[PDB]
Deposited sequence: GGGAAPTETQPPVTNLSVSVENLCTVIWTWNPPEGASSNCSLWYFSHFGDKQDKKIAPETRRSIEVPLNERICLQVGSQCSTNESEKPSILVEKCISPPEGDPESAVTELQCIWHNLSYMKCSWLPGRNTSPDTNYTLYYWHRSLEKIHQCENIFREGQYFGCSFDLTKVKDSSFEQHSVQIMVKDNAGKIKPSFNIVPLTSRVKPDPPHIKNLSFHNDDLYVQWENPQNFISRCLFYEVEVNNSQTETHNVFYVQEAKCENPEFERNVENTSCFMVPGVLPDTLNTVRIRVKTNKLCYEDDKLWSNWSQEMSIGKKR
């Protein structure tokens, strides 16, 4: 019932914001104290007996946590007194924040990040990207920087309950506003291009058999098959949910291969085939990133 004591804040790693408090001085000895905590506008409510709460949030906005004490875990039980402690983003020049900061995990091997300079940016500023995940001993500074045009970037290695990777872009001079980015280990994944093993015909049906990347299994991937014809000037495209090997007559016996059949295709003309691969919502969090197209494989009568 009374207010909690010593509701303070701290920042571990890069984006780990931790609220910690102490039990109320006014106390009922006949009470199992549960703490009702929520953020702005009744967001992310949680009732827990712990005197601490930590979340992973990009510190780009001032967010506050309200803390109330309870004796019951019921919904009807609403604390009369709540203490709120807020935390603001680090100091820096108004429009110095780097824009369009994105990070893509390439084939579960390396993370490549890119961003654009802020509107209010000094010409002599030097960008520095820092990353961190649970497995690391401390905050690491990505040194493999790159510059693709007007874009600034940095790519670091990253090999494979819910844990994510924190990314901070900040100048060591401490003149510009540090920008943050949280990347879940199950999202922003761009696989490698697959490898076509064989193309086989059955009347007017074309069986395409390829191989997925080594770090990805069959059921975790959404497929796209491209079939370009020379004579008919056709640029067909097929989207496949899942592709399994059905007819062994027109397929190799490699057990890591997926198979798709394209109907209404003639050997009379030359047919070029490419395969593109992305992750589905069944195994990963995002299905927006396609891999690069596979190498071309042709079949049929040449011109």
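S.K.: Compare the deposited sequence with the modelled residues and state the ranges that are missing C-alpha positions.
M.R.: Deposited residues absent from the model fall in 1-9, 170-175.
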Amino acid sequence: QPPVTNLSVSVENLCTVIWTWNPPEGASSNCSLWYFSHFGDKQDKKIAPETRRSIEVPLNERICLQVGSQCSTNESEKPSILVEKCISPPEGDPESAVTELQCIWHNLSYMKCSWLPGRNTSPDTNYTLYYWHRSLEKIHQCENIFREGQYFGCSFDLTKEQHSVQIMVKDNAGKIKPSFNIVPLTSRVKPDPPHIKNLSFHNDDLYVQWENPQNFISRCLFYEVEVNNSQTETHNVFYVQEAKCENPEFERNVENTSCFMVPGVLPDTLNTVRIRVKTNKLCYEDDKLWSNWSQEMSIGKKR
From here on, numbers count along this sequence of modelled residues.
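S.K.: Can you let me know which of the two, 111-119 or 88-96, has the higher average C-alpha B-factor in the entry?
M.R.: Taking the mean C-alpha B-factor of 111-119 and of 88-96, the larger value falls to 88-96.
S.K.: Look up the CA B-factors in the entry and say which stretch, 207-215 or 71-79, has the higher mean.
M.R.: Result of the comparison: 71-79.
S.K.: Between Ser200, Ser179, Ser155, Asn172, where does the Cα B-factor run highest in the record?
M.R.: If I rank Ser200, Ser179, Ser155, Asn172 by C-alpha B-factor, first place goes to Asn172.
S.K.: Maximum C-alpha temperature factor per the entry, among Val240, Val237, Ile47, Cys259, belongs to which one?
M.R.: Checking the PDB record, the top C-alpha B-factor among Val240, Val237, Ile47, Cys259 is at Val237.
S.K.: If you rank the chain by CA B-factor, which third does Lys190 end up in: lowest, middle or highest?
M.R.: It falls in the middle third of the chain.
S.K.: Where does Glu226 sit by CA temperature factor within its chain: lowest, middle or highest third?
M.R.: As the PDB entry reports it, the C-alpha B-factor of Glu226 lands in the lowest third of its chain.
S.K.: Please place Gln1 in the lowest, middle or highest third of its chain by C-alpha B factor as given in the entry.
M.R.: Within its chain, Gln1 is a highest-third residue by C-alpha B-factor, going by the deposited values.
S.K.: Determine, from the deposited record, the chain-internal third of the Cα B-factor for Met168: lowest, middle or highest.
M.R.: For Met168, the deposited C-alpha B-factor lands in the lowest third.
S.K.: Test of reading the entry: by CA B factor among the chain's modelled residues, which third contains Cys31?
M.R.: Ranked within chain, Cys31 CA B lands in the highest tercile.
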